[PDB]
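Colleague: part one of the complex, untouched from its place in the assembly:
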Amino acid sequence: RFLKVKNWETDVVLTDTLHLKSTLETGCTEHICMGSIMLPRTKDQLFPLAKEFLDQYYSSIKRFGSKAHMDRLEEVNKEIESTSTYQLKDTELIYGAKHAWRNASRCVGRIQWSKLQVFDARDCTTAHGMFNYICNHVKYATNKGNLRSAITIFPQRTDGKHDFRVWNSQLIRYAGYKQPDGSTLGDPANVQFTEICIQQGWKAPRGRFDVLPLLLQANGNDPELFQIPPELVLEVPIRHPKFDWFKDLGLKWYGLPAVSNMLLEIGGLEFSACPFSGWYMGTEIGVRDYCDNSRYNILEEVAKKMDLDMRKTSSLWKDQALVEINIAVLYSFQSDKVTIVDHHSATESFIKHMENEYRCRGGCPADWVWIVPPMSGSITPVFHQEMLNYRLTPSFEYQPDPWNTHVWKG
C-alpha cells in the first residue's frame, strides 16, 4: 500500500511505504482519532523482536543474509533459550539508539539523528556509578556551550525488579516549592519531584531557579541523591536586545535539555535508564517553560513592563509579550555562544529532513500536534505539511513515574 501526504503551501506530494513496517498501535480507530491525546516479557515473544531488529541492522550495513547475519541470529536464539534474554553488540546498541531517535515522531530535531554520541554504561552497577556516568555525559554534551547530542545507556531490564532508573524527568531542572498560601516558588512542573528529593534528605535552597539533585536508582535498589557539580551546569541569564529592564526580571535557564525518564526499546530489550540530550529550540523555553499558565507564567509581568494595553485580550498584549520573551531567549543564548535553534530554522530543517526520509526510507512518522511550534504555527512550514503518525521500533517510550511503582527496600 501507498499513502500520500500533501503540502498545502507548495503542493509537493510525498508517498509513504514505511508505514507498512509499523507494528505497535496508535490509539486511533476507523471511528475515532486520538491524535491529540498526550498518552493514548518471556522468551516466547522475545526472539521475534530480536530477529526483526537484527534483520534491520544487517540490512542497514548491507550484510543481509550473510554468514555473519545468520550466525548472529543463531547466537541470539541460543542466548535467549538459555538465559531468557540477550546482550546487544556495541555496534547494534549504537545503531539502535540512533534509530529510536530517527523514529521519534514527536521530535522536530531529527535531521540530526545520525550525529549522536552513544555512551555505553551497561557495566554500571551502583547509583554512584550512575552519577559518574551522568556527570561525564553532561560535561561532554555541554562542551562549553557548543552542544553535542548524546545518550548514556544503563543496563537493560532483567526481571523488572532490578531496574536502573533516573528519577528526574530531565538531568537538569529547577525545583518547585508549593507555599502554604497556594502560590509556587520556582518551577511548578517539578513540585512533586522536589518534595520527594526533600524527603530523601535534600537541603533545598528554596529559590526560584534551584538546580535539582539527581535521584538515581541502580539495580532495583532504593534511589540515592547526588548534586551535579555546579561548574558542569551551564546557565544563561536572559536579557533582551532592546529592553534593558528585561534582565531585572531575574530570569535564567539552563543550556542542556536532557530527557532522563523515557524507556529505550531495542530488539525487544528495555533500557529503563537512558538519558539523552540535544540543544533547545527557543520556544521550549520562551513559550512553554516561561509562558504556560502552569509553569513560570511570566506573560503578565512582561506585558506590564512593556506597558501594553492589558484591559482587553483583543489588544493582543499576550501575543506581543510572547514574541518579545522569545526574542530575549534566542538573543541571550546566541550572545553567550550556547547552541540554540529558533522555530523557523528548526521547522524548515525538519521539512528538508522529512523529504529526504520519504525519498531514502519510504517515510517519516511525524506527530503534527507536537511538531508544529507553540507560537506562530502557520508561519512555519510544518503547519502546512500533512503528516502520518505511526510507531516504528527501536523507540523511545514513556514509562510510569518510578515513585508510583518502586518497591522500597527501606
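Modeller: That came in fine, so what should we check first? Numbering: from 1, shown residues only, chains lettered A, B, ... in the order given.
Colleague: which residues in the stretch 151-300 of chain A form helices?
Modeller: In the stretch 151-300 of chain A, helices defined by DSSP state H, counting those that start in this stretch lie at A:191-199, A:282-283, A:290-291, A:299-305, listed in chain order.
Colleague: Can you list the helices and strands that the last one packs against?
Modeller: Just to be clear, that refers to helix A:299-305. If contacts are counted by 3 or more Cβ pairs under 8 Å, 6 or more residues apart in numbering; DSSP states H and E, helix A:299-305 sits against helix A:317-335. To be clear about C-beta, it is placed using only N, CA and C from the backbone, and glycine gets the same treatment.
Colleague: Let me know the next secondary structure element after the helix it packs on.
Modeller: strand A:340-341 (DSSP states H and E).
Colleague: Just put the helices of the stretch 151-300 of chain A in JSON lines and tack on mean neighbour count and distance to residue A:116.
Modeller: Shown next, in JSON lines, are the helices of the stretch 151-300 of chain A (neighbours: other Cβ atoms under 10 Å; distance: least, Cβ to Cβ, whole Å):
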{"stretch": "helix A:191-199", "mean neighbour count": "17", "distance to residue A:116": "27"}
{"stretch": "helix A:282-283", "mean neighbour count": "25", "distance to residue A:116": "22"}
{"stretch": "helix A:290-291", "mean neighbour count": "23", "distance to residue A:116": "28"}
{"stretch": "helix A:299-305", "mean neighbour count": "17", "distance to residue A:116": "35"}
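Colleague: any chance of those helices in JSON lines, plus distance to residue A:44?
Modeller: JSON lines is the format used below for the helices of the stretch 151-300 of chain A (distance: least, Cβ to Cβ, whole Å):
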{"stretch": "helix A:191-199", "distance to residue A:44": "36"}
{"stretch": "helix A:282-283", "distance to residue A:44": "45"}
{"stretch": "helix A:290-291", "distance to residue A:44": "49"}
{"stretch": "helix A:299-305", "distance to residue A:44": "53"}
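Colleague: add chain B to the structure above:
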Amino acid sequence: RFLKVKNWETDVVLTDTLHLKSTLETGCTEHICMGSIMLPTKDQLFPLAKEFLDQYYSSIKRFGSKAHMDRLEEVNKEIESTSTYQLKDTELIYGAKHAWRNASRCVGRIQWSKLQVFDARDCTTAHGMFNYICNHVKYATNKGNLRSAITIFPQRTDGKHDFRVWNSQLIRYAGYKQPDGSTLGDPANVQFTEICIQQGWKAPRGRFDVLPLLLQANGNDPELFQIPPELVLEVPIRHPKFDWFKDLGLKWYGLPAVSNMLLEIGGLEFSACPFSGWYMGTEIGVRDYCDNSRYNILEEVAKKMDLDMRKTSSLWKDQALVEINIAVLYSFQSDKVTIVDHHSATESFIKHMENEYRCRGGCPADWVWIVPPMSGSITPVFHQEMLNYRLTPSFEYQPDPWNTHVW
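Modeller: Placing chain B onto the earlier chains gives this:
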C-alpha cells in the same frame, strides 16, 4: 469504550460517551493516525431517516410517542413510494443546527443554537437563488452587527439536478496570474476567477475585486450575478499605532459565508446550503494575509516596521504577524463589525466543550483545526485533549462543481 480527555493546564478530566454514536469513518486505523490530513439507492435511506428522527423526537422529549411512531411510518411510506422524503420545517431547522453542533473543525460552536435558518426549498431558478442569497447577505450583515444564518436550497434528487453555488464563499476576492509570473489579488481564487471570466464576467483586474456569484439551479448551467455592492460590508485595515499601515491599501470583507459544502440531514443531501457567522481575527490576519500562498504580506509589513530581516532568529516574521493581527481586530472593532479574537474564541470553545460533555456526553473536535494558527499554547485549547469523530447531521466537503458538471 468510554473515553477520557484531559486538560493539561487545569487537570480537568471529561468522559466521552458521544463517540459511540459516531457513524462515518475518520481516516485513521490502529496502525496509522491521519489526524493531520486535510481531506482524509432506496435501501440506505430509511435507516438514515430513522436514526435522525429518533434523535429529533428524543430532543423534544417525545421518544416512543404516538407522534414519533406516526412520523417514522409516514417517512417510511414516502420513501417506499417516492424513494425520497421531505423534512418538516422543525426537522430541517433542528438538522441544520445540529450539523453546526457536529462540525468538529469549528471553534465557534458555542453559538450553535442561535442560527437563523432560511428555507429556500421552494427555489427553482438561478435568479431565485440570487434573490435568496442577497437576502441572506443583508440579514446576516445587519449593518455590522453580524448574525449567523444558513440558506437551504432544494435537496439532491437523482443527482443530475443539483443546486450548487460555484463560489467557495459568497464573498471572496478575485485572483489573476500576471504576465510576469506574479499573482494579483487572491491566489486561492485564480481558477474560479478564470471560470467567471470564461462564463462572461468582466473583471476589473484589481487586488480586491469582489467575485460575482456563479449559481447553478436544478442541474442547469450556472449563471453570473453580481452582489449589490451596497450589501458587501468591507473594512479598510489600519493600525492603532502605525499610521503608515493604512498605506498598505489592505481591506477585508465582514461576512464569512461558506457556500461550497454539503449539508446531510437524515440521509437527505443539500448540495447548496450557504452559511455564515462572523470572523475570528486570525483567519484574516494570519491565514488570508500571511500564508505564502495567499496575500503573503509579511515581508512588506516587516520592511515598513524597519525590522532586521537578515536572520530568522530576530523573530521579525513573528513580530510583524502580531502587528497585522492587532490591526485586523482594531479595524473591525472601530467600524463596529463583529469579530472575535483567538483568545476570546478559544476560551468560549472550552466553555462550550464543558457544556457539551455535561449535557450531551461529548463534543467532537479536531485539535489540528481548533488551535489558532498563531500563539497556539497561550490559548486554552492547545492544552485540551480532544476526540475527533464524525456525527450526523453534518457539513461535508464535496467535489468542485466544474470537475463534475456536464455543460
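Colleague: Determine the number of other residues adjacent to the closest residue to residue A:24 other than its chain neighbours.
Modeller: Setting aside the residues directly before and after it, residue A:24 is nearest to residue A:391 in space (Cβ to Cβ, 6 or more residues apart in numbering or on different chains), at 3.9 Å. Neighbours of residue A:391 under the rule other Cβ atoms under 10 Å in any protein chain shown: 20.
Colleague: Show the contacting residues for residue A:391.
Modeller: A:22-26, A:103, A:105, A:365 (Cβ atoms under 8 Å, 6 or more residues apart in numbering or on different chains).
Colleague: On the three-state scheme, the residue in chain A positioned nearest to chain B is what?
Modeller: Per Cβ to the nearest Cβ, the residue of chain A with the smallest distance to chain B is residue A:35, at 2.9 Å. Following DSSP: H, G, I helix; E, B strand; the rest coil, the label given to residue A:35 is coil.
Colleague: How much space separates it from residue B:37?
Modeller: 10 Å (Cβ to Cβ, to the nearest Å).
Colleague: My guess is residue A:234 contacts residue A:141. True?
Modeller: No - using Cβ atoms under 8 Å, residue A:234 is not in contact with residue A:141; the gap is 10.0 Å.
Colleague: Common neighbours of the two, please.
Modeller: residue A:256.
Colleague: Chain B contacts on the stretch 301-410 of chain A?
Modeller: Taking Cβ under 8 Å from any Cβ of the partner chain as the contact definition, the stretch 301-410 of chain A meets chain B at A:313-316, A:318-320, A:322-323, A:326-327, A:330, A:334, A:342, A:344-345, A:348, A:367-369, A:372-379, A:383-390.
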